[PDB]
Amino acid sequence: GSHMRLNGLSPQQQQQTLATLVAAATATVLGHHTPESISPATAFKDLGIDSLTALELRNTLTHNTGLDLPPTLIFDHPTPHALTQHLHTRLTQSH
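Rules used in this analysis
Residues numbered from 1 in each chain as written, not as in the entry; some residues may be left out. Heavy atoms only, no water. Helix = DSSP H or I, 4+ residues; strand = E, 2+ residues; numbered from the N terminus. Rg over C-alpha atoms; globule rule 2.2 N^0.38 Å. Buried < 20%, exposed > 50% of the residue type's maximum accessible area, 1.4 Å probe, protein only. Contact = heavy atoms within 4.5 Å. Areas by Shrake-Rupley, 256 points an atom, 1.4 Å probe, with all protein chains shown as cover. Core = buried A, V, L, I, M, F, W, Y, C linked by side-chain atoms within 4.5 Å. Axes fitted to C-alpha atoms, helices over the stretch in contact; angles between N-to-C directions. Parallel < 35°, antiparallel > 145°, perpendicular 65-115°, else oblique. Left-handed = near helix turned anticlockwise from the far one by under 90°. Nonpolar A, V, L, I, M, F, W, Y, C, P; charged D, E, K, R; others polar. 1 Å grid on protein atoms, 1.4 Å probe; cavity = no way out; pocket = protein on both sides within 12 Å on 5 of 7 lines; lining within 4 Å. Points joined across faces, edges and corners; volume = space filled by probe spheres on them.

The name that the PDB entry assigns to the protein is Type I modular polyketide synthase, with the source organism given as Mycobacterium ulcerans.

In structure tokens, the structure reads:
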């Protein structure tokens, strides 16, 4: 399918999955490549996100999740954690 239909896994299992996604996404988006060096409690701002990459990240996430998201994600829900919650919602909410 063209969606992150990752249902079947427990909520947290799914989260950490997409958490790693989000992390690897900005790891790539910032250019430091490591998703393990991504602090969820730190805000993407402090992590190095620019307005462009706040959009580029959204680009990667919306691509990976297979959904459609605003380039204001990072601004409305700023932190790897904030997005881990948003993206987890998006994928599980399919109505």
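Caption draft 1: Representation of the overall build of the protein in the model. When helices and strands are tallied, the protein shows five helices and zero strands. For the protein, the sequential pattern of α-helices and β-strands runs α-α-α-α-α. The C-alpha radius of gyration of the protein comes to 12 Å, within 12% of the 12 Å expected for a compact globule of 95 residues. Along the first, second and third principal axes, the C-alpha atoms of the protein reach 35 × 25 × 20 Å. Burial analysis of the protein (95 residues in total) assigns 38% to the buried set. Taking all contacts inside the protein whose residues are at least 6 apart in sequence as the whole, residues at least 24 apart take part in 52%. Accessible surface, the protein: about 5400 Å² in total, of which carbon and sulfur atoms supply 49%.

Caption draft 2: Fine view of the nonpolar core. Formed by 22 residues in total, the largest nonpolar core has its most connected members in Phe44, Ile49, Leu57, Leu61, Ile74, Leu83 and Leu87. Of all the elements in the fold, those that place two or more residues in this core are α1 (11-31), α2 (44-47), α3 (51-65), α4 (73-76) and α5 (80-92). With seven residues, α1 is the single largest residue contributor to this core. With residues up to four places along the chain from it excluded, the contact list for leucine 87 reads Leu18, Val22, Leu61, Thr65, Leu67 and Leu69.

Caption draft 3: Main features of the packing of α1 against α5. Orientation of α1 relative to α5, taken along the N-to-C sense of each, is 120 degrees, at an axis distance of 9 Å. As the angle between them shows, α1 and α5 are arranged oblique. For the crossing formed where α1 meets α5, the hand is right-handed. Contacts between α1 and α5 involve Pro11, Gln14, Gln15, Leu18, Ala19 and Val22 on the former and, on the latter, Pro80, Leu83, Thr84, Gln85, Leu87, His88, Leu91 and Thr92. The residue inventory of the contact of α1 with α5, partitioned by class, reads eight nonpolar, six polar and no charged.

Caption draft 4: The arrangement of the side chain of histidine 86 in detail. Looking at the secondary structure, you find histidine 86 in helix α5. Among all residues touching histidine 86, those that are not within four sequence positions of it are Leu69, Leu73 and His77.

Caption draft 5: Focus on empty space enclosed by the protein. For the coordinates displayed, the defined rule picks out one cavity of 30 Å³ or more. What the largest cavity holds in volume is close to 30 Å³. Lining the largest cavity, in full, are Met4, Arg5, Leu6, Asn7, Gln14, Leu18 and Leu91. The residue inventory of the lining of the largest cavity, partitioned by class, reads four nonpolar, two polar and one charged.

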